[PDB]
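Worksheet: one structure, shown below.
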Amino acid sequence: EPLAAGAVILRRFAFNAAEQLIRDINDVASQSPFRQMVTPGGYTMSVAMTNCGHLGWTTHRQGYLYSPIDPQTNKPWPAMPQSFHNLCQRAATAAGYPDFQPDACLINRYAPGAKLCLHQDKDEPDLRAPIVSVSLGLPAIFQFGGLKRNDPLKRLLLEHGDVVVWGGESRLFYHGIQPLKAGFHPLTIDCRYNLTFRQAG
DNA sequence: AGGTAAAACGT
DNA sequence: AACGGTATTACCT
Ligand SMILES: O=C(O)CCC(=O)C(=O)O
Ligand SMILES: [Mn+2]
């Protein structure tokens with residue numbers, strides 16, 4: 001369990017809820033489809049993304065931001081599914097964050113080779129609130145460091161149903177995903193999904 | 001006067 | 001391929 005101060009991995013926590021979560025990913029994506037976002041610097045991200053809930057993480061020319069509106073559809077992001085919110089609440093409570101109320105869920109899709117380079121989650125104004133991160137499908141190596149980029153990384157395999165929660169002291173810690181290895185999973189076929197819940201408003 | 005982009009090539 | 005440069009710079013608010 002003990003990843004860092006205020007950080008924990010709940011292994012296979014979402015395993016039982018996974019089938020329903022995956023159906024709801026498909027429902028969300030049918031309204032706001034997965035898209036590979038382009039950085040301010042002009043590079044297309046390997047991870048395909050969408051959002052649900054009140055606020056969605058996005059890139060544009062000027063930087064990163066949380067928007068109530070999907071810039072692709074010009075409609076609000078789909079409502080956060082009850083299955084998402086219920087799972088998130090249970091995970092956060094188990095992790096020691098019983099008062100967490102997310103208003104934002106970023107949905108990441110990793111094809112073979114897709115990565116997410118070391119970054120901080122910092123576009124949220126209320127830093128008191130934790131991050132809840134659900135793994136679905138193919139396994140990936142999760143990097144978890146410290147407050148500085150060059151702080152040593154813990155490398156952890158995240159498997160289908162694993163939930164990682166950080167906050168408090170570890171809230172602004174650098175973290176990332178190494179290039180996804182190809183493979184098969186009975187529920188996702190050829191990809192990894194990640195659900196990242198935050199308080200963005 | 002701060003916050004931010006790099007959530008993205010060489011050794 | 002793990003590690004670290006780049007952003008002690010050029011930009012908007
Ligand atoms: O895919 C993951 O496990 C991490 C996702 C992430 O870091 C993010 O969406 O900010
Ligand atoms: Mn992140």
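Proteins get letters first, then strands, A, B, ... in listed order; numbering begins at 1 in each.
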Nearest-Å distance for atom pair OH/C1', residues A/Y174 and C/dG5 = 13 Å

Choose from B/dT4, B/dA8, B/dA6 the nucleotide whose nearest atom is closest to any side-chain atom of A/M45.
-> B/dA8

From CG of A/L127 across to P of B/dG3 the rounded distance in Å is 12 Å

A/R149 side-chain proximity, nearest of C/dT6, B/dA7, C/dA2 | C/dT6

How many Å lie between OH on A/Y43 and P on C/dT6, as a whole number?
-> 16 Å

In whole angstroms, how far is the P atom of B/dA5 from the NE2 atom of A/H60?
-> 8 Å

5′-ward residue of the pair A/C117/A/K122 relative to DNA chain B = A/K122

Where the sugar of C/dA7 falls when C1'-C2'-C3'-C4' decides north versus south | south

Rounded to the nearest angstrom, tell me the gap between atom OH in A/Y64 and atom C1' in B/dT4.
-> 9 Å

Any chance the rings of A/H54 and A/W77 have centres within less than 6.0 Å?
-> no

Using whole Å, report how far CG of A/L118 lies from P of C/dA2.
-> 12 Å

Pairwise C1' distance for C/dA7 and C/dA2, with rounding to whole Å | 22 Å

In Watson-Crick or G-U wobble terms, both distances under 3.5 Å, what is the partner of C/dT8?
-> none

Short N-O contact, A/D162 and A/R12, less than 4.0 angstrom = no

Between C/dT8 and B/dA7 - P atom distance, rounded Å = 14 Å

What is the distance, rounded to the nearest whole Å, between atom CG of A/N150 and atom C1' of C/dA2?
-> 12 Å

Distance under 6.0 Å and angle within 45° of the ring axis: does A/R192 meet both against A/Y110?
-> yes

Distance, P atom - from B/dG2 to B/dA6, rounded to whole angstrom = 23 Å

Parallel, tilted or perpendicular: which fits the ring planes of A/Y193 and A/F34, with parallel below 30° and perpendicular above 60°?
-> parallel

Choosing from B/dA6, B/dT4, B/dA7, which nucleotide comes nearest the side chain of A/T39?
-> B/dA6

With sugar-phosphate meaning primed atoms plus P, OP1 and OP2, does A/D151 contact a base, only sugar-phosphate, or nothing at under 4.0 Å between heavy atoms?
-> nothing

Syn or anti for B/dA7 (syn when the glycosidic angle lies within 90° of 0) = anti

If you look at every strand shown and take non-hydrogen atoms under 4.0 Å, does A/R155 touch a base, only sugar-phosphate, or nothing?
-> sugar-phosphate

Answer for the Watson-Crick or wobble partner of B/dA7, both distances under 3.5 Å, is none

B/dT11 and C/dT6, which share atom name P, separated by this distance in whole Å = 13 Å

Starting at the 5' end of DNA chain B, which residue's closest nucleotide do you reach first, A/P40 or A/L116?
-> A/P40

What integer distance in Å separates A/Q62:CD from C/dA10:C1'?
-> 15 Å

Any idea how A/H160 and A/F15 line up, ring-wise: parallel (<30°), tilted (30 to 60°), or perpendicular (>60°)?
-> perpendicular

Derivation and outcome, salt bridge (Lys or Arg N to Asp or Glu O under 4.0 Å), residues A/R35 and A/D70 = CA-CA 11 Å; A/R35 86 292 307 262; A/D70 181 345; 2.7 Å; yes

